[PDB]
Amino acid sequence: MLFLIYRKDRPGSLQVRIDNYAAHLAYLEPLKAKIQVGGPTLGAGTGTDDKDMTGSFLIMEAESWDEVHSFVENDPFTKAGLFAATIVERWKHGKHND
């Protein structure tokens, strides 16, 4: 069972993301087996550096919305108040293929 987890940083908070980035990745590390796809959303331009990060997107396995809820609630990014938006959706790969 897969979930899309989309979270967008509040304006002006890039430094909060940076300050908590190592802790965020350490929080994801034990969960890596459950994360199918993951990475930051990016802002203006073509840059792909740390300074270009504007949010977090993951596709993750979970047994329940309760599990997803706790995962989100316990993220260092969430606890730091980084995000202005959070969107979660149950999801599956298209079964033809795209």
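The first residue of the shown sequence is 1; numbering continues from there.
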Quiz item: Which has higher Cα B-factors on average according to the PDB entry: 21-29 or 86-94?
Solution: 21-29
Quiz item: Should the higher mean CA B-factor in the entry be assigned to 69-77 or to 46-54?
Solution: 69-77
Practice problem: Check where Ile59 lands among this chain's C-alpha B-factors and tell me if it's the lowest, middle or highest third. | Solution: lowest
Quiz item: Taking the entry's C-alpha B-factors for this chain, is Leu2 in the lowest, middle or highest third?
Solution: middle
